[PDB]
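Asker: Make a model of this:
(chains A, B, C, D, E, F, G and H, ligands or ions: 16)
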Amino acid sequence: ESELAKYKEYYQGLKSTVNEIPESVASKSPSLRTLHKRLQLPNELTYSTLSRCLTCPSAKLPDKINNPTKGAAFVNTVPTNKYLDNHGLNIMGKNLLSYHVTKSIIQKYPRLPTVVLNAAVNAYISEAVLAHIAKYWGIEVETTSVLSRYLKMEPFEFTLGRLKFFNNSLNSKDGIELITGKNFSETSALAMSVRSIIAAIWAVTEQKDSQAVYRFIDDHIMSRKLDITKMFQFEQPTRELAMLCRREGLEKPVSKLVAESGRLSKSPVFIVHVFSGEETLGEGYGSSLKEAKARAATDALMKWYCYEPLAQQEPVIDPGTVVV
Amino acid sequence: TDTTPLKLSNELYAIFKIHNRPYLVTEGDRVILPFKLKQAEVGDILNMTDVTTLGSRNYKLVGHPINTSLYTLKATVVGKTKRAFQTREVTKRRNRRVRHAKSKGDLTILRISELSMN
Amino acid sequence: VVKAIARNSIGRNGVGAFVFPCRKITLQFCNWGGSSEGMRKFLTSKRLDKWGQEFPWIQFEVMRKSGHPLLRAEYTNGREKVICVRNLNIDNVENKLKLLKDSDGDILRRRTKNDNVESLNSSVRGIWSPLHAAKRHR
Amino acid sequence: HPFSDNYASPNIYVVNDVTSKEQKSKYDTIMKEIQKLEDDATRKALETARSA
Amino acid sequence: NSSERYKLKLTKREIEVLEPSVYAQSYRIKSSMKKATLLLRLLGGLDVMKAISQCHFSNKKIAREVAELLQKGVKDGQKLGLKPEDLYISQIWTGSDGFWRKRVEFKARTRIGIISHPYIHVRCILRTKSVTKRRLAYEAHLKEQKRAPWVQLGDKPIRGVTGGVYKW
Amino acid sequence: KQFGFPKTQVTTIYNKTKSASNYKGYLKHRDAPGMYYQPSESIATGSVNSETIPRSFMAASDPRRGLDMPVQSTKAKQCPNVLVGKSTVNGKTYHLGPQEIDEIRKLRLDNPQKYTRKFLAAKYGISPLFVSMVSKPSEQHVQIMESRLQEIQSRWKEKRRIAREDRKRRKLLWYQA
RNA sequence: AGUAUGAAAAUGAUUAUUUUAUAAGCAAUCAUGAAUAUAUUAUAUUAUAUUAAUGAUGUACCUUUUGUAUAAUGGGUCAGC
RNA sequence: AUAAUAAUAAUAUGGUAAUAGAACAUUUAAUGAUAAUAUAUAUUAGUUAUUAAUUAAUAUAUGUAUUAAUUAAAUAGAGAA
Ligand SMILES: [Mg+2]
Ligand SMILES: [Mg+2]
Ligand SMILES: [Mg+2]
Ligand SMILES: [Mg+2]
Ligand SMILES: [Mg+2]
Ligand SMILES: [Mg+2]
Ligand SMILES: [Mg+2]
Ligand SMILES: [Mg+2]
Ligand SMILES: [Mg+2]
Ligand SMILES: [Mg+2]
Ligand SMILES: [Mg+2]
Ligand SMILES: [Mg+2]
Ligand SMILES: [Mg+2]
Ligand SMILES: [Mg+2]
Ligand SMILES: [Mg+2]
Ligand SMILES: [Mg+2]
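Answerer: Numbering: from 1, shown residues only, chains lettered A, B, ... in the order given. Ligands and ions are numbered 1, 2, ... in the order given. For reference, the structure is listed below:
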């Protein structure tokens, strides 16, 4: 006999399992099972599907393997099947995230500016955030080599359970990164995995319970804290407020001193209110008068934009951003 | 009890009491009880019952306790744990014996998942 | 004119879907080594199976090493508790395992008096202001 | 001598007791075997070049 | 001659060490450490040439030795590739050189002391104005940029614990 | 007044003037069970709260419009105008025709040092801002002005530059909310 | 008083971070801002670590005594015994 | 009719001189797997109700614990002469 032959046949078996993701093997994988139990995924979502979601596309081994001298070696993963990876799933998951999150944000804040809305959406479902979520869930990367695994003589089940992409061995050894594309990044792979899981959930539940996916998203993605007030940065807000007042049936906004203390000091306090008629729109405190005025305008704009109506109200469609 | 303004308001706080210890909370807030919970395991949900005050920005319902029907307030038990281990030394002023008073009290991290006017 | 500030969301584990903090536990023992007796007994005696049945979201690795017997947990936040269970009986080991599973992974920390609630949320009522107080000072 | 099958709850498993020395020996044999294979191929290529 | 991009990650210590420097060392100088300090504190962050000049016109005995050391460090820097008008003394310290021979001082009325005879060494690290100084200027600039301003009516944390109750 | 709830201060059992920070007194103070009106002791600057938003910014079908919580405590008659433009005090005027504008533009290009914005404003009974909106100066003049500004900046000490930076940071912070 | 090795401490000089030129006492502890550093799950409104803003409490240790902050005993510091 | 662990109710838990019970560190002797993917020592940060040990990183040594554990013993623990 020969040990090379033994290793080779093991590798071939592993490749075959990757191509298939046979259901029994996937079921045997403890990590997959624990992930399934943790997230409370549907029973219709098979363990093979879950394994596939963790399998990123990796058809051909790249040219950068040829030289570890240039700071890269791809020796962990094994080539995947063209029609059994997380790629199609991932896209679907991304689409779902882009739809649902955005919709939820619009429901919450129907006048939110376009740029601000986009930023909020990004915050909810940015690649980094998605990767973090995946890590939290316990989607671990297949860092160990194939040869090493063979030597240890571990089953293929464990491999199936881990996340599988062209992860560069010696990525940041001796403090040297190679700056490769998105197809070799860990964060991206983790993002894909979390999107792929969502897509798989959708696939299994859509006919029985159409909104199951969206409630899962709400539970995991939309449950996260984001203060929308911290997102804004105005420029000349008084002018913008005046424009808004003009657009609506409101009197011209003027700022007026409500209260004042410590004028002729290092740190005064000036309270000014931007009135439109007798109604106050924005209240603004400040060290200077100018500052206070600015703050009142910004407050007014916040109140305009971040207005969140009740669920009992009929839908509020805003009349666009205030084009100054 | 006309509880309409509270119901309307987007922001809302509660001052529920566990063993007469008040904890002022909103939804998402992460309460740290200074004892080991025996009844609930980790993952279990706690329906708060002795809710003293339920407040908006300008209004507040108050009871001793408030009617359970009027509100919901679900905490989740998100980890039993402990405080950091400390060893203060106890000794008298011309005495070489120095008794070490070791201490490492228990904690229970709750998370206020739901808080709303029913 | 209005511009966004790039900002990211904060995950509150409990509020939507509770992800269980403990993700993996490794039982480590030695075949030699008299300190690993209680661990060995625990591994043998149907308790581990029951445990796994109870908690199917935790994976239970069982390893053999030359040193003292070890219980290393692994949590969602990425931290790792490792308890050496040298010379402990079966029941003590089980208690230790229970303690580990109970833990949210976070580091141990001194709390001051009444440092109870930890909010991301802005106050429902505002922050106090002397100009806006009900009773004016003198 | 525990095993993954012994526990009958699929989240429990026992990692394989393969001695470090044995693994090292296996590695040595495989890399050596590869080297042997390569060297023979290179020799053959040299012979072919010499021929024509 | 390549299309491979890279990103380098280095510790603070690694950054410090890799900047071009030169390490002068004296021989076994006959002096006290205190006496050396009394001079060496003057030659803190000087340009090497300035320091050498100061040593030349100093009244102290260690001064000549210090000057010689500086000259040697300059020569070393030149040999390496550096310039003498670029070099500044980054660090310069002293230490005991060991094996100080004690020797009893006999006093009146059957009393004694012990006279030690101290030997020291001066080492110094010369660094470049062209790199190290530029780097620390850049760092200072970054720190300045980072620095949050003084706000007059600014958001200071309401220090103290809440106590499970609104006080407003 | 829609709601007729009794109103309460944030009451301590202790002397509030001497022990406002003492949480214990607040904890002690029990009040009879029911609904109350505790008006907030706060400015409504950073608040997105629904009790803080004004009625004009609420939607027409909002139930909250009718409820009396965006309280108009202040009165615009009593408050005096702060950093208000002369157009806001005495109304906007749209009197200048195209010919006048063209003349202004011609003047400004010709000699911005002689025919400055303020002078133009004085002539035509209109704002300097409006003059600016109407007409660009000769780009040379602008360049000169920029150069002068740069020279002034250079003339500063280190401290002054830092102070200016701090001021800029503060200004940026104002518009955050 | 063997030979190798020696980031053991006391001790000296130097550099870095941080605090410090209107503040008074075992120099610590607890509260609590700020600044800096590290952090291949800081997702952050993050976590740890270092640091005499500021506040509160705080009469070295042993021995011997009815009783010691005592201005009663004894100790210059660390290492080995 | 025991032991270990966990519940509930009750009572008790300041301590000089003193009495009693239970542990740990260190060194040697008896028995004794294992191994540079290991062991030992040090530093830093975690972990276990913590004089102790353990995890990780880093450093230096060593082809390796008279190692875990149970016994037997002691030139067996030092801010106090
Ligand atoms: Mg004492
Ligand atoms: Mg006494
Ligand atoms: Mg020597
Ligand atoms: Mg004499
Ligand atoms: Mg002397
Ligand atoms: Mg008082
Ligand atoms: Mg001062
Ligand atoms: Mg005094
Ligand atoms: Mg006394
Ligand atoms: Mg004395
Ligand atoms: Mg004295
Ligand atoms: Mg003395
Ligand atoms: Mg006692
Ligand atoms: Mg002894
Ligand atoms: Mg000693
Ligand atoms: Mg002692």
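
Asker: use CA for all of it now, contacts and neighbours both
Answerer: Will do.

Asker: how many other residues sit next to the residue of chain F found nearest chain C?
Answerer: Residue nearest to chain C within chain F (Cα to the nearest Cα): residue F:41, separated by 4.5 Å. As a burial measure, residue F:41 scores 23 neighbours (other Cα atoms under 10 Å in any protein chain shown).

Asker: so what's it up against?
Answerer: C:126, C:127, C:128, C:129, C:130, C:132, C:133, C:134, E:168 (Cα atoms under 8 Å, 6 or more residues apart in numbering or on different chains).

Asker: how near is the residue nearest to it when sequence neighbours are not counted to residue C:117?
Answerer: Nearest non-adjacent residue to residue F:41, counting by Cα to Cα, 6 or more residues apart in numbering or on different chains: residue C:133, 4.5 Å away. Applying Cα to Cα, to the nearest Å, the value for residue C:133 to residue C:117 is 26 Å.

Asker: swap in residue F:20?
Answerer: 21 Å.

Asker: From the neighbour counts alone, determine which of those two ranks first.
Answerer: residue C:117 (22 against 16).

Asker: Identify the spatial nearest neighbour of that one, chain neighbours not counted.
Answerer: Per Cα to Cα, 6+ apart, closest to residue C:117 is residue B:31, 4.3 Å.

Asker: what does residue E:71 give?
Answerer: residue E:52 (7.3 Å).

Asker: what number of residues lie near that neighbour?
Answerer: Quick note: residue E:52 (other Cα under 10 Å) scores 21 neighbours.

Asker: dump the residue contacts of the closest residue to residue E:9 other than its chain neighbours.
Answerer: Nearest residue to residue E:9, sequence neighbours excluded (Cα to Cα, 6+ apart): residue A:175, at 4.5 Å. By Cα under 8 Å, 6+ apart, residue A:175 lies in contact with E:8, E:9, E:10.

Asker: What is the neighbour count of the first one?
Answerer: Read that as residue E:8. 10.

Asker: Quick one: the helices in chain B, in order.
Answerer: B:4-8 (DSSP state H).

Asker: Which positions in it make contact with chain C?
Answerer: B:11-13, B:23-33, B:41-43, B:56-58, B:76, B:78-84, B:111-114 (Cα under 8 Å from any Cα of the partner chain).

Asker: before we move on, back to that, quick one: buried ones out of the contacts of residue F:41?
Answerer: Neighbour counting by 16 or more other Cα atoms under 10 Å in any protein chain shown classes C:126, C:127, C:132, C:133, C:134, E:168 among those as buried.

Asker: hang on, isn't the residue nearest to residue F:41 packed against residue F:39?
Answerer: No: look at residue C:133 against residue F:39 with Cα atoms under 8 Å: they stay out of range, at 9.2 Å.

Asker: List the buried residues of the lengthiest helix in chain D.
Answerer: The longest helix of chain D (DSSP H) is helix D:20-51. Across helix D:20-51, burial judged by 16+ other Cα under 10 Å covers D:23, D:26, D:27, D:30, D:33.

Asker: wait, the first one sits on residue A:149?
Answerer: To tie it back to what came earlier, the one meant is residue D:23. No: using Cα under 8 Å, residue D:23 makes no contact with residue A:149, being 10.3 Å away.

Asker: can you tell me which residues contact the residue nearest to residue C:117?
Answerer: B:23, B:25, B:109, B:110, B:111, B:112, C:116, C:117, C:118.

Asker: and those residues, which two are the farthest apart?
Answerer: Using Cα to Cα, the pair of the contacts of residue B:31 lying farthest apart is B:25 and B:109, separated by 13.5 Å.

Asker: how many other residues sit next to whichever residue of the stretch 101-250 of chain A sits closest to chain C?
Answerer: Residue of the stretch 101-250 of chain A nearest chain C, by Cα to the nearest Cα: residue A:219 (3.8 Å). By the measure other Cα under 10 Å, the count of residues near residue A:219 is 17.

Asker: State the helix or strand in which it lies.
Answerer: helix A:212-220 (DSSP states H and E).

Asker: Packing partners of the following helix or strand past that helix?
Answerer: Next along the chain after helix A:212-220, taking DSSP H and E as the criterion, comes strand A:232-234. Contacts defined by 3 or more Cα pairs under 8 Å, 6 or more residues apart in numbering or on different chains; DSSP states H and E place strand A:232-234 against strand C:2-4.
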